[PDB]
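What follows is structure.tsv (TSV, C-alpha atoms).
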chain	number	residue	atom	x	y	z
I	1	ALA	CA	-18.22	-0.85	14.75
I	2	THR	CA	-15.99	2.18	15.23
I	3	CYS	CA	-12.42	2.52	16.38
I	4	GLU	CA	-10.30	5.10	18.12
I	5	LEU	CA	-7.97	7.07	15.89
I	6	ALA	CA	-5.03	8.41	17.89
I	7	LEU	CA	-2.98	11.03	16.06
I	8	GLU	CA	0.37	11.75	17.68
I	9	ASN	CA	3.36	13.95	17.08
I	10	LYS	CA	6.11	12.31	19.10
I	11	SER	CA	8.89	14.82	18.72
I	12	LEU	CA	8.56	17.25	15.93
I	13	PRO	CA	8.60	20.94	16.86
I	14	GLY	CA	6.14	23.30	15.32
I	15	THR	CA	2.72	22.65	13.97
I	16	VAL	CA	1.47	19.30	12.72
I	17	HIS	CA	-1.98	18.83	11.28
I	18	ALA	CA	-3.48	15.50	10.36
I	19	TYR	CA	-6.13	14.89	7.73
I	20	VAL	CA	-8.23	11.76	7.60
I	21	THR	CA	-9.80	11.13	4.22
I	22	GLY	CA	-11.58	8.10	2.86
I	23	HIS	CA	-14.77	6.70	1.40
I	24	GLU	CA	-17.66	6.02	3.72
I	25	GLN	CA	-18.58	2.35	3.75
I	26	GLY	CA	-21.64	1.81	1.57
I	27	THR	CA	-22.27	5.30	0.27
I	28	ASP	CA	-18.80	5.33	-1.37
I	29	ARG	CA	-18.86	9.05	-0.59
I	30	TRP	CA	-15.66	10.90	0.17
I	31	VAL	CA	-15.49	11.71	3.85
I	32	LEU	CA	-13.01	13.66	5.93
I	33	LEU	CA	-12.65	13.44	9.65
I	34	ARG	CA	-12.89	16.87	11.19
I	35	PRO	CA	-10.91	18.34	14.09
I	36	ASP	CA	-14.14	18.36	16.11
I	37	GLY	CA	-14.41	14.57	15.70
I	38	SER	CA	-17.32	14.72	13.27
I	39	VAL	CA	-17.29	13.62	9.64
I	40	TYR	CA	-17.33	16.06	6.76
I	41	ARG	CA	-18.98	14.51	3.70
I	42	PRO	CA	-18.36	17.00	0.88
I	43	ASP	CA	-21.10	17.65	-1.58
I	44	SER	CA	-20.19	17.77	-5.23
I	45	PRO	CA	-18.87	21.28	-5.93
I	46	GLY	CA	-20.16	23.61	-8.58
I	47	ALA	CA	-16.72	23.88	-10.14
I	48	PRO	CA	-13.48	21.91	-10.37
I	49	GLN	CA	-10.59	22.70	-8.07
I	50	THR	CA	-13.03	23.96	-5.46
I	51	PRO	CA	-11.18	24.49	-2.16
I	52	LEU	CA	-12.41	22.18	0.55
I	53	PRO	CA	-15.27	24.19	2.12
I	54	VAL	CA	-14.49	22.91	5.62
I	55	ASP	CA	-11.10	23.03	7.31
I	56	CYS	CA	-10.56	19.35	7.99
I	57	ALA	CA	-7.04	19.87	9.30
I	58	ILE	CA	-6.78	18.10	12.64
I	59	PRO	CA	-4.21	20.01	14.72
I	60	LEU	CA	-1.96	17.64	16.58
I	61	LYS	CA	-0.95	18.31	20.14
I	62	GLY	CA	2.63	19.48	20.47
I	63	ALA	CA	5.56	17.08	20.19
I	64	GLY	CA	5.20	14.53	22.97
I	65	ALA	CA	2.01	16.07	24.34
I	66	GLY	CA	0.06	12.92	23.53
I	67	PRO	CA	-2.46	11.95	20.88
I	68	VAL	CA	-5.47	13.64	19.47
I	69	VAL	CA	-8.00	10.84	19.95
I	70	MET	CA	-11.14	10.76	17.82
I	71	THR	CA	-13.71	8.16	16.89
I	72	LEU	CA	-12.71	6.71	13.54
I	73	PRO	CA	-15.79	5.73	11.52
I	74	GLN	CA	-15.52	2.94	9.03
I	75	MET	CA	-14.20	4.06	5.68
I	76	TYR	CA	-12.17	2.59	2.87
I	77	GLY	CA	-9.45	3.80	0.55
I	78	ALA	CA	-8.71	5.99	3.52
I	79	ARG	CA	-5.64	8.04	4.31
I	80	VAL	CA	-4.17	9.73	7.31
I	81	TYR	CA	-2.22	12.74	6.13
I	82	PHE	CA	0.22	14.73	8.16
I	83	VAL	CA	1.55	18.14	7.28
I	84	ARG	CA	4.11	20.23	9.12
I	85	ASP	CA	3.79	23.97	9.59
I	86	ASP	CA	1.30	24.53	6.78
I	87	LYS	CA	-2.07	22.97	6.21
I	88	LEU	CA	-2.81	20.91	3.14
I	89	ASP	CA	-4.95	22.34	0.37
I	90	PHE	CA	-7.58	19.77	-0.50
I	91	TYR	CA	-9.93	20.55	-3.33
I	92	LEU	CA	-13.19	19.16	-4.64
I	93	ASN	CA	-13.96	18.35	-8.22
I	94	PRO	CA	-17.51	17.56	-9.34
I	95	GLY	CA	-18.52	14.19	-8.00
I	96	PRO	CA	-17.65	14.98	-5.34
I	97	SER	CA	-14.11	13.85	-6.16
I	98	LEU	CA	-11.58	14.78	-3.49
I	99	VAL	CA	-8.54	16.39	-5.09
I	100	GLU	CA	-5.76	14.90	-3.03
I	101	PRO	CA	-2.34	16.54	-2.65
I	102	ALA	CA	-0.26	15.24	-5.54
I	103	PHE	CA	3.16	14.54	-4.04
I	104	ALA	CA	4.83	14.01	-7.45
I	105	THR	CA	3.24	16.95	-9.26
I	106	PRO	CA	5.35	20.11	-8.95
I	107	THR	CA	2.39	22.37	-9.81
I	108	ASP	CA	0.53	20.95	-6.82
I	109	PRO	CA	-0.29	23.56	-4.13
I	110	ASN	CA	1.17	21.26	-1.50
I	111	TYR	CA	4.24	20.22	-3.49
I	112	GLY	CA	6.46	22.58	-1.55
I	113	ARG	CA	4.97	21.47	1.74
I	114	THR	CA	6.26	18.89	4.19
I	115	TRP	CA	3.52	16.31	4.18
I	116	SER	CA	3.04	12.58	4.16
I	117	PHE	CA	0.26	10.10	4.36
I	118	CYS	CA	-0.42	6.51	5.15
I	119	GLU	CA	-3.35	4.46	3.97
I	120	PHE	CA	-5.94	2.43	5.74
I	121	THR	CA	-9.30	0.79	5.39
I	122	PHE	CA	-11.69	0.24	8.26
I	123	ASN	CA	-14.67	-2.00	7.49
I	124	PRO	CA	-16.57	-4.51	9.71
I	125	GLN	CA	-13.98	-7.20	8.87
I	126	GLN	CA	-10.85	-5.33	9.93
I	127	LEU	CA	-8.90	-2.15	10.11
I	128	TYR	CA	-6.05	-2.61	7.64
I	129	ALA	CA	-3.40	0.09	7.59
I	130	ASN	CA	-0.29	0.36	5.49
I	131	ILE	CA	2.93	2.29	5.51
I	132	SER	CA	4.12	1.96	1.94
I	133	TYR	CA	7.13	3.42	0.19
I	134	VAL	CA	6.03	2.30	-3.24
I	135	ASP	CA	5.39	5.91	-4.25
I	136	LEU	CA	7.30	8.19	-1.94
I	137	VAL	CA	9.22	8.68	1.24
I	138	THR	CA	8.89	11.96	3.05
I	139	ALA	CA	10.49	14.23	5.58
I	140	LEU	CA	7.42	13.44	7.70
I	141	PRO	CA	7.68	9.69	8.27
I	142	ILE	CA	4.61	8.01	9.68
I	143	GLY	CA	4.58	5.08	12.05
I	144	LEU	CA	1.49	3.33	13.29
I	145	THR	CA	0.21	1.06	16.00
I	146	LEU	CA	-3.00	-0.89	15.67
I	147	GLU	CA	-4.42	-2.18	18.95
I	148	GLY	CA	-7.27	-4.66	18.74
I	149	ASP	CA	-7.16	-8.41	19.16
I	150	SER	CA	-3.38	-7.93	19.08
I	151	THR	CA	-1.00	-4.99	19.05
I	152	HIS	CA	0.48	-4.33	15.62
I	153	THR	CA	3.20	-1.75	15.12
I	154	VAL	CA	4.73	-0.51	11.91
I	155	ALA	CA	7.98	1.28	12.46
I	156	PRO	CA	8.34	4.57	10.55
I	157	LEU	CA	11.09	5.75	8.36
I	158	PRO	CA	13.75	6.75	10.89
I	159	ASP	CA	14.41	10.39	11.46
I	160	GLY	CA	16.39	11.64	8.50
I	161	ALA	CA	15.55	8.72	6.20
I	162	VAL	CA	14.34	10.94	3.37
I	163	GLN	CA	17.62	12.83	3.40
I	164	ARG	CA	19.65	9.62	3.33
I	165	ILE	CA	17.42	8.28	0.59
I	166	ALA	CA	17.76	11.52	-1.34
I	167	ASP	CA	21.52	11.47	-0.81
I	168	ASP	CA	21.87	7.80	-1.74
I	169	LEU	CA	19.81	8.28	-4.88
I	170	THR	CA	21.74	11.41	-5.80
I	171	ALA	CA	24.93	9.42	-5.24
I	172	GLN	CA	23.42	6.72	-7.44
I	173	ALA	CA	22.62	9.33	-10.10
I	174	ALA	CA	26.20	10.60	-9.95
I	175	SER	CA	27.37	7.02	-10.47
I	176	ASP	CA	25.08	5.91	-13.30
I	177	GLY	CA	23.86	9.16	-14.83
I	178	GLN	CA	20.25	8.06	-14.37
I	179	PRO	CA	17.84	10.68	-12.99
I	180	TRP	CA	17.62	9.18	-9.50
I	181	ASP	CA	18.44	12.65	-8.20
I	182	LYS	CA	15.36	14.03	-9.96
I	183	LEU	CA	13.22	11.82	-7.69
I	184	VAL	CA	14.15	14.16	-4.86
I	185	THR	CA	11.86	17.08	-4.06
I	186	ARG	CA	13.45	19.93	-2.15
I	187	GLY	CA	11.48	22.88	-0.86
I	188	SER	CA	12.35	26.42	-1.85
I	189	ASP	CA	14.71	26.34	1.17
I	190	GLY	CA	16.66	23.15	0.34
I	191	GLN	CA	14.73	20.93	2.77
I	192	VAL	CA	14.28	17.49	1.26
I	193	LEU	CA	10.52	17.14	1.39
I	194	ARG	CA	10.12	13.78	-0.22
I	195	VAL	CA	11.60	11.40	-2.70
I	196	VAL	CA	9.22	9.71	-5.10
I	197	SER	CA	9.68	6.39	-6.80
I	198	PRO	CA	10.78	6.44	-10.45
I	199	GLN	CA	7.36	5.63	-11.89
I	200	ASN	CA	6.14	8.89	-10.37
I	201	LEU	CA	8.89	10.78	-12.19
I	202	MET	CA	8.16	8.78	-15.33
I	203	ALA	CA	4.38	9.09	-15.31
I	204	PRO	CA	4.24	12.64	-16.80
I	205	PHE	CA	6.19	11.28	-19.77
I	206	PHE	CA	4.07	8.18	-20.32
I	207	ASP	CA	2.46	10.08	-23.20
I	208	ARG	CA	5.98	10.98	-24.44
I	209	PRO	CA	8.22	7.96	-23.81
I	210	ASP	CA	11.17	9.44	-25.73
I	211	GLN	CA	11.68	11.97	-22.92
I	212	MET	CA	10.72	9.61	-20.11
I	213	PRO	CA	13.31	9.50	-17.33
I	214	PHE	CA	14.79	6.03	-16.81
I	215	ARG	CA	13.29	4.90	-20.13
I	216	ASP	CA	16.35	2.83	-20.97
I	217	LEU	CA	17.59	2.06	-17.47
I	218	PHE	CA	16.55	-1.59	-17.76
I	219	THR	CA	16.47	-1.97	-21.53
I	220	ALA	CA	19.82	-3.73	-21.88
I	221	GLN	CA	19.21	-5.91	-18.83
I	222	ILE	CA	15.74	-6.85	-20.08
I	223	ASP	CA	17.24	-7.93	-23.40
I	224	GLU	CA	19.82	-9.97	-21.51
I	225	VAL	CA	17.07	-11.58	-19.42
I	226	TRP	CA	14.87	-12.21	-22.43
I	227	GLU	CA	17.84	-13.68	-24.26
I	228	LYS	CA	18.76	-15.85	-21.28
I	229	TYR	CA	15.32	-17.40	-21.13
I	230	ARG	CA	15.17	-18.06	-24.84
I	231	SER	CA	17.52	-20.98	-24.14
I	232	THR	CA	16.82	-22.02	-20.55
I	233	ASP	CA	13.76	-22.16	-18.35
I	234	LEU	CA	12.67	-19.45	-16.00
I	235	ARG	CA	11.06	-21.27	-13.10
I	236	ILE	CA	8.71	-19.14	-11.04
I	237	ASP	CA	7.51	-20.65	-7.81
I	238	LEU	CA	3.90	-19.55	-7.51
I	239	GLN	CA	4.29	-20.44	-3.83
I	240	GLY	CA	1.39	-21.11	-1.53
I	241	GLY	CA	2.04	-24.72	-2.47
I	242	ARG	CA	0.96	-24.02	-6.05
I	243	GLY	CA	4.33	-25.05	-7.42
I	244	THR	CA	6.58	-23.66	-10.07
I	245	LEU	CA	5.76	-22.82	-13.65
I	246	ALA	CA	8.57	-22.96	-16.16
I	247	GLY	CA	8.76	-20.28	-18.80
I	248	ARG	CA	10.76	-19.75	-21.94
I	249	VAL	CA	11.06	-16.66	-24.07
I	250	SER	CA	9.54	-17.37	-27.49
I	251	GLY	CA	10.48	-14.42	-29.66
I	252	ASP	CA	9.69	-11.55	-27.29
I	253	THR	CA	7.04	-13.42	-25.34
I	254	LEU	CA	7.99	-14.99	-22.05
I	255	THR	CA	5.62	-17.92	-22.08
I	256	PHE	CA	5.00	-20.24	-19.16
I	257	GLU	CA	3.41	-23.62	-19.05
I	258	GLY	CA	-0.25	-22.90	-18.61
I	259	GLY	CA	-0.19	-20.42	-21.51
I	260	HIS	CA	0.80	-17.42	-19.42
I	261	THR	CA	2.46	-14.83	-21.62
I	262	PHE	CA	4.59	-11.82	-20.81
I	263	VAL	CA	5.73	-9.53	-23.60
I	264	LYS	CA	9.15	-7.98	-23.19
I	265	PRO	CA	8.89	-5.42	-20.38
I	266	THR	CA	10.30	-1.95	-20.58
I	267	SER	CA	11.96	0.00	-17.80
I	268	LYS	CA	8.59	1.69	-17.43
I	269	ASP	CA	6.88	-1.65	-16.83
I	270	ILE	CA	9.48	-2.69	-14.27
I	271	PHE	CA	9.03	0.52	-12.32
I	272	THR	CA	5.26	0.79	-12.50
I	273	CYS	CA	4.71	-3.00	-12.23
I	274	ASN	CA	1.53	-2.20	-14.07
I	275	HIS	CA	2.23	-1.75	-17.79
I	276	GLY	CA	3.39	-4.03	-20.55
I	277	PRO	CA	3.53	-7.58	-19.22
I	278	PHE	CA	2.81	-6.35	-15.68
I	279	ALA	CA	-0.38	-4.52	-16.55
I	280	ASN	CA	-3.03	-5.63	-14.12
I	281	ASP	CA	-5.81	-7.42	-15.95
I	282	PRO	CA	-8.75	-8.73	-13.90
I	283	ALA	CA	-9.22	-11.43	-16.54
I	284	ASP	CA	-5.80	-12.81	-15.58
I	285	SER	CA	-5.81	-16.17	-13.83
I	286	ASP	CA	-4.40	-16.47	-10.33
I	287	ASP	CA	-1.35	-18.22	-11.78
I	288	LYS	CA	-0.83	-15.51	-14.37
I	289	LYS	CA	-1.12	-12.89	-11.64
I	290	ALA	CA	1.28	-14.78	-9.38
I	291	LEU	CA	3.70	-15.15	-12.28
I	292	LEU	CA	3.33	-11.47	-13.10
I	293	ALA	CA	4.01	-10.40	-9.51
I	294	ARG	CA	7.09	-12.55	-9.23
I	295	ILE	CA	8.53	-11.62	-12.61
I	296	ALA	CA	8.03	-7.93	-11.90
I	297	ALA	CA	9.58	-8.43	-8.48
I	298	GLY	CA	12.54	-10.32	-9.91
I	299	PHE	CA	13.15	-7.57	-12.45
I	300	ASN	CA	12.92	-4.89	-9.79
I	301	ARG	CA	15.35	-6.81	-7.61
I	302	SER	CA	17.56	-7.70	-10.59
I	303	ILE	CA	17.54	-11.43	-9.88
I	304	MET	CA	16.33	-12.43	-13.35
I	305	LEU	CA	19.81	-13.37	-14.54
I	306	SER	CA	21.10	-14.70	-11.24
I	307	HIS	CA	18.09	-16.85	-10.31
I	308	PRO	CA	16.37	-18.91	-13.01
I	309	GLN	CA	14.21	-20.18	-10.16
I	310	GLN	CA	12.55	-17.67	-7.90
I	311	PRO	CA	11.43	-16.39	-5.51
I	312	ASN	CA	12.18	-19.51	-3.48
I	313	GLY	CA	15.90	-19.99	-3.31
I	314	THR	CA	16.52	-16.25	-3.43
I	315	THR	CA	17.15	-14.06	-0.43
I	316	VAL	CA	17.22	-10.33	0.17
I	317	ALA	CA	21.00	-10.68	-0.20
I	318	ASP	CA	20.40	-11.46	-3.88
I	319	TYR	CA	18.46	-8.28	-4.52
I	320	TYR	CA	19.57	-5.01	-6.07
I	321	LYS	CA	23.05	-6.04	-7.12
I	322	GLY	CA	24.79	-4.35	-10.00
I	323	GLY	CA	24.43	-0.97	-11.58
I	324	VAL	CA	21.04	-1.56	-13.21
I	325	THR	CA	18.46	-2.29	-10.55
I	326	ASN	CA	15.57	-0.54	-8.92
I	327	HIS	CA	17.86	1.70	-6.91
I	328	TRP	CA	14.83	3.46	-5.48
I	329	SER	CA	13.78	0.22	-3.86
I	330	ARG	CA	17.33	-0.65	-2.85
I	331	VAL	CA	17.87	2.75	-1.24
I	332	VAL	CA	14.47	2.87	0.44
I	333	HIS	CA	14.99	-0.62	1.85
I	334	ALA	CA	18.43	0.39	3.10
I	335	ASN	CA	16.85	3.35	4.89
I	336	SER	CA	13.61	1.90	6.18
I	337	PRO	CA	13.10	-0.77	8.83
I	338	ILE	CA	10.01	-2.25	7.17
I	339	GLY	CA	7.62	-1.50	4.37
I	340	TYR	CA	7.55	-2.09	0.65
I	341	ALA	CA	9.37	0.10	-1.81
I	342	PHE	CA	7.86	-1.11	-5.06
I	343	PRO	CA	4.52	-2.57	-6.10
I	344	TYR	CA	5.51	-6.25	-5.99
I	345	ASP	CA	7.83	-5.93	-3.02
I	346	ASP	CA	5.40	-8.29	-1.27
I	347	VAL	CA	6.87	-11.07	-3.37
I	348	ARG	CA	9.16	-12.84	-0.97
I	349	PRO	CA	10.87	-16.22	-0.71
I	350	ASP	CA	8.94	-18.69	1.37
I	351	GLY	CA	10.24	-18.62	4.90
I	352	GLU	CA	11.24	-15.00	4.66
I	353	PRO	CA	9.47	-12.64	7.04
I	354	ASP	CA	6.66	-10.36	5.97
I	355	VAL	CA	8.32	-6.98	5.68
I	356	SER	CA	5.18	-5.20	4.55
I	357	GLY	CA	4.43	-1.95	6.28
I	358	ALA	CA	0.95	-3.29	6.93
I	359	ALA	CA	-0.95	-3.61	10.18
I	360	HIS	CA	-4.39	-5.12	10.36
I	361	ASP	CA	-6.70	-6.31	13.10
I	362	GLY	CA	-10.17	-7.81	12.93
I	363	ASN	CA	-11.36	-6.01	16.08
I	364	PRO	CA	-9.57	-2.65	15.99
I	365	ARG	CA	-9.84	-0.65	19.19
I	366	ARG	CA	-7.26	2.06	18.57
I	367	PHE	CA	-5.41	3.04	15.42
I	368	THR	CA	-2.47	5.19	16.50
I	369	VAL	CA	-0.83	7.11	13.67
I	370	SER	CA	2.22	9.12	14.60
I	371	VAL	CA	4.92	11.32	13.20
I	372	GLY	CA	8.22	12.03	14.84
I	373	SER	CA	9.96	9.53	17.08
In structure tokens, what does this structure look like?
Amino acid sequence: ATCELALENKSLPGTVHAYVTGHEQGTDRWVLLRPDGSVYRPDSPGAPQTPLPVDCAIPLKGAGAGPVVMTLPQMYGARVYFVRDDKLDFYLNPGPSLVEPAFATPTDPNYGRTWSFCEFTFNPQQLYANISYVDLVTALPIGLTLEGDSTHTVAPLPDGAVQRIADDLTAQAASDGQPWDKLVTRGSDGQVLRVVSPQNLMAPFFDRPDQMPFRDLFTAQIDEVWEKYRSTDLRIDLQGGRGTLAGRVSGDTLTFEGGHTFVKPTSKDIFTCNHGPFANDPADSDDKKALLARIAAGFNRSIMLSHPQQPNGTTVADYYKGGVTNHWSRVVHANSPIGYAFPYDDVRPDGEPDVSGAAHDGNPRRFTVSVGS
């Protein structure tokens, strides 16, 4: 099966190029869709940082001129990139390993460029696409529509969201002295290009935690939470009808019935949702993983003190209250109609709507990916 990929610039003046990158189903080989509709499968280069030998920039028709429509082959771990004005510099490392523009790396050739991407996978089961703000929001917000068995739309960041987000986070930084303002990337001309989530600002300092931004953002709150649940249960509803597991902090180990253990998180853990007690471990049981997700989510949303039982019984109104919270997620949620802003944002109270930025269809006919509005 293949699917139509429609690439659209709705409204933005100037030049927009799309890139489509992914792994070809089966071969696992990096592929790029080419402007001519064909696939470019890079060979492994003779040297690292080898510029992409083929220009895979797909020029979009002008604002409102309609979509570039190509045949999307099946591929996984795929991305649709957009870039304004410039093209993106993709490179090849031996492998071939596609060197993807690193939005949170200031040395990156594209760091000063206005670009964005969304993610998708297209296999014989489905096309699954995702607008996610876990890592960044950009001046080039992407929206998508997946037409197949049904029509699925994911609304983009509204025009100007990245500026609002940058401004809110800078305002936050003024208020709390935390480096929320450092999450903002401005081009050499002051244009807000993107704002990245805190883990992306923290990741360069993972090797040097003492200098890590936000290192102690959550430290006091975590101690408060850990202390709270030394003397009263934390009840985590695994949901899906699996029930709640009650946990108590034993020393520094949050331990649930069933033997699930969570060492005291750090601010790093809370932001990445993937270190300390939130480190993904494939050996983890489903329950452990469900517990992990919900605990990380509750820390990010700062409901660990307010809600000894969660996520059921909590609402979005409970999230992100007080000075110490994942303000990135709070601000992105305030400035986005849909889509997750942190890795366990999919944790939601039963009966609350899916606010993922995902669209998926088992019989995709057209995947329309658009910038502008």
Atom-to-atom span, CA of residue 159 (chain I) and CA of residue 139 (chain I), Å: 8.0 Å
12 Å contact set for residue 361 (chain I), only C-alpha atoms, chain neighbours under 3 positions out, as number ranges by chain: I: 3, 120-130, 145-153, 358, 364-367
Selection export as a CSV table (one decimal), in the coordinates of the input, atoms kept: C-alpha atoms:
chain,number,residue,atom,x,y,z
I,3,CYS,CA,-12.4,2.5,16.4
I,120,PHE,CA,-5.9,2.4,5.7
I,121,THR,CA,-9.3,0.8,5.4
I,122,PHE,CA,-11.7,0.2,8.3
I,123,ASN,CA,-14.7,-2.0,7.5
I,124,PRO,CA,-16.6,-4.5,9.7
I,125,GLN,CA,-14.0,-7.2,8.9
I,126,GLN,CA,-10.8,-5.3,9.9
I,127,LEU,CA,-8.9,-2.2,10.1
I,128,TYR,CA,-6.0,-2.6,7.6
I,129,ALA,CA,-3.4,0.1,7.6
I,130,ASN,CA,-0.3,0.4,5.5
I,145,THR,CA,0.2,1.1,16.0
I,146,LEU,CA,-3.0,-0.9,15.7
I,147,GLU,CA,-4.4,-2.2,19.0
I,148,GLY,CA,-7.3,-4.7,18.7
I,149,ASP,CA,-7.2,-8.4,19.2
I,150,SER,CA,-3.4,-7.9,19.1
I,151,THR,CA,-1.0,-5.0,19.0
I,152,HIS,CA,0.5,-4.3,15.6
I,153,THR,CA,3.2,-1.8,15.1
I,358,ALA,CA,1.0,-3.3,6.9
I,364,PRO,CA,-9.6,-2.6,16.0
I,365,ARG,CA,-9.8,-0.6,19.2
I,366,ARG,CA,-7.3,2.1,18.6
I,367,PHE,CA,-5.4,3.0,15.4
Residue neighbourhood residue 300 (chain I), 10 Å, all atoms listed in the file, exclusion window fewer than 2 positions, as a ChimeraX atom specification: /I:218,267,269-273,294-298,302-304,319-320,324-330,342-345
Nearest-residue call for residue 97 (chain I), choices I:41, I:84, I:301, I:113, using only C-alpha atoms: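 With only C-alpha atoms as the atom set, the closest residue is I:41.
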Interatomic distance, CA of residue 157 (chain I) to CA of residue 338 (chain I) (Å, one decimal): 8.2 Å
For residue 305 (chain I): contacts at 12 Å, only C-alpha atoms, fewer than 5 positions along chain excluded, given as a count of residues only: 26
Nearest residue to residue 105 (chain I) from the set I:311, I:204, I:258, I:66 (distances using only C-alpha atoms):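 For residue 105 (chain I), the nearest of the candidates is I:204.
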Contact residues around residue 140 (chain I) with only C-alpha atoms at 8 Å, ignoring same-chain residues under 3 positions, as a PyMOL selection string: chain I and resi 82-84+114-116+193+371-372
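Residue nearest residue 89 (chain I), chosen from I:50, I:137, I:62, I:68 and counting only C-alpha atoms: I:50.
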Top pick for closest residue to residue 54 (chain I), considering I:19, I:86, I:29, I:10 and counting only C-alpha atoms: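 Distance minimum relative to residue 54 (chain I) lands on I:19.
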Neighbour list for residue 240 (chain I) as a VMD selection string, cut-off 10 Å, only C-alpha atoms, skip fewer than 3 positions in-chain: chain I and resid 237 243 350
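Considering the residues I:313, I:13, I:22, I:112 and counting all atoms listed in the file, residue 64 (chain I) has its shortest atom-to-atom contact with I:13.
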Test item: which residues lie within 12 Å of (13.4, 8.0, 10.8) counting only C-alpha atoms, as a PyMOL selection string: chain I and resi 10-12+137-143+155-165+332+334-338+370-373
CA of residue 166 (chain I) to CA of residue 136 (chain I), distance in Å rounded to a single decimal: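 Separating CA of residue 166 (chain I) from CA of residue 136 (chain I) is a distance of 11.0 Å.
For the set I:238, I:292, I:220, I:169, the residue with the smallest atom-to-atom gap to residue 266 (chain I) is I:220, counting all atoms listed in the file.
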